[PDB]
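Peer 1: Got a structure for you, questions after.
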Ligand SMILES: [Ca+2]
Ligand SMILES: [Ca+2]
Ligand SMILES: [Ca+2]
Ligand SMILES: [Ca+2]
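Residue numbers (the entry's author numbering), protein chains in the order written: chain A, 3 to 75; chain B, 4 to 75.
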């Protein structure tokens with residue numbers, strides 16, 4: 003219980019820190035921009051983004067982000 | 004403040020990824036987070052190798068943020 007609770011808190015913390023524009027989603031441009039700051043190349047950034055953006059609308063919701071963890075409960 | 008706020012963001016991302024509170028992103032905990040996010044293991048390992056510049060199996064904050072820190 004507490005372990006899963008902590009992991010959800012952890013995922014939200016990562017998501018929120020990534021979400022520089024405070025939209026509640028990870029838009030493509032801000033995701034790319036962070037990857038670039040971390041020196042990850044655009045093809046890798048896009049590979050990871052296209053994967054997370056399940057519905058291909060150009061922004062990763064927290065549902066999409068934590069799909070794997072939430073589906074595992 | 005713009006830069007200071009970016010540093011805080013990078014520090015927050017890093018802290019959240021360091022689940023075992025080692026001060027570093029060990030390959031194991033890094034990969035496990037990527038597995039959790041449903042990221043393909045080859046994409047995960049590529050991003051880990053990119054960050055782990057000295058190739059010791061753990062990402063320091065100096066390594067993680069070297070692009071930001073060195074552009075200051
Ligand atoms: Ca956003
Ligand atoms: Ca989406
Ligand atoms: Ca660690
Ligand atoms: Ca290292």
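All C-beta atoms, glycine included, are put in the ideal place defined by N, C-alpha and C.
(1) Taking 7 Å as the cut-off, is the beta-carbon of residue 8(A) closer than that to any non-hydrogen atom of ligand 3?
(2) Roughly how many whole angstroms lie between the Cα atoms of residue 26(A) and residue 67(A)?
(3) Could you check whether the Cβ of residue 63(A) sits closer than 7 Å to any heavy atom belonging to ligand 2?
(4) Please identify the residue among 44(A), 16(A), 61(A) whose C-alpha is closest to the C-alpha of residue 39(B).
(5) Run down chain A in chain order and give the residues with a C-beta less than 8 Å from the C-beta of residue 41(B).
(6) For the alpha helix (DSSP H) containing residue 27(B), list its first residue and its last residue.
(7) Would you decide whether residue 12(A) is buried or exposed? Buried here means 16 or more other CB atoms lie within 10 Å of its CB.
(8) Counting only Cβ-Cβ distances shorter than 7 Å, please list the residues of the stretch 17–30 of chain A near chain B, keeping chain order.
(9) I want to see whether chain A comes within less than 8 Å of residue 59(B), judged by CB atoms only; does it?
(10) Under 7 Å: does the beta carbon of residue 28(A) sit that close to some heavy atom of ligand 1?
(11) Give the interface partners of residue 34(B) over in chain A, defined as CB-CB distance under 7 Å, in chain order.
(12) What is the residue span of the alpha helix (DSSP H) that residue 11(B) lies within?
Peer 2: According to the data block:
(1) Your numbering for residue 8(A) matches position 6 in the first chain. Relative to ligand 3, the beta carbon of residue 8(A) is positioned no closer than 7 Å to any heavy atom.
(2) Within the first chain, the letter at position 24 stands for residue 26(A). Within the first chain, the letter at position 65 stands for residue 67(A). In this structure, the CA atom of residue 26(A) is about 11 Å from the CA atom of residue 67(A).
(3) Counting from 1 along the first chain, the entry for residue 63(A) is found at position 61. Yes.
(4) The sequence position of residue 39(B) within the second chain is 36, counting from 1. With distances taken between Cα atoms, residue 39(B) lies closest to 16(A).
(5) As a position in the second chain, residue 41(B) is number 38, starting the count at 1. Those are 53, 54, 69, 70, listed as they occur along chain A.
(6) In the second chain, counting from the first residue as 1, residue 27(B) sits at position 24. For residue 27(B), no alpha helix (DSSP H) encloses it, and the DSSP letter there is neither H nor E.
(7) Here the question's residue 12(A) lines up with position 10 in the first chain. Classified as buried, residue 12(A) has 16 or more neighbouring CB atoms from the shown chains inside 10 Å of its CB.
(8) Within the stretch 17–30 of chain A, contact with chain B at the beta-carbon level (separation under 7 Å) is assigned to 19, 20, 22.
(9) Within the second chain, the letter at position 56 stands for residue 59(B). Residue 59(B) does not count as touching chain A.
(10) If you number the first chain from 1, residue 28(A) lands on position 26. Yes, the Cβ of residue 28(A) comes within 7 Å of a heavy atom of ligand 1.
(11) Counting from 1 along the second chain, the entry for residue 34(B) is found at position 31. What residue 34(B) touches in chain A, judged by beta-carbon distance under 7 Å, is nothing: the nearest beta carbon there is about 13 Å away.
(12) Residue mapping note: residue 11(B) aligns to position 8 of the second chain, counting from 1. Where residue 11(B) is concerned, the enclosing alpha helix (DSSP H) stretches over 5–20.
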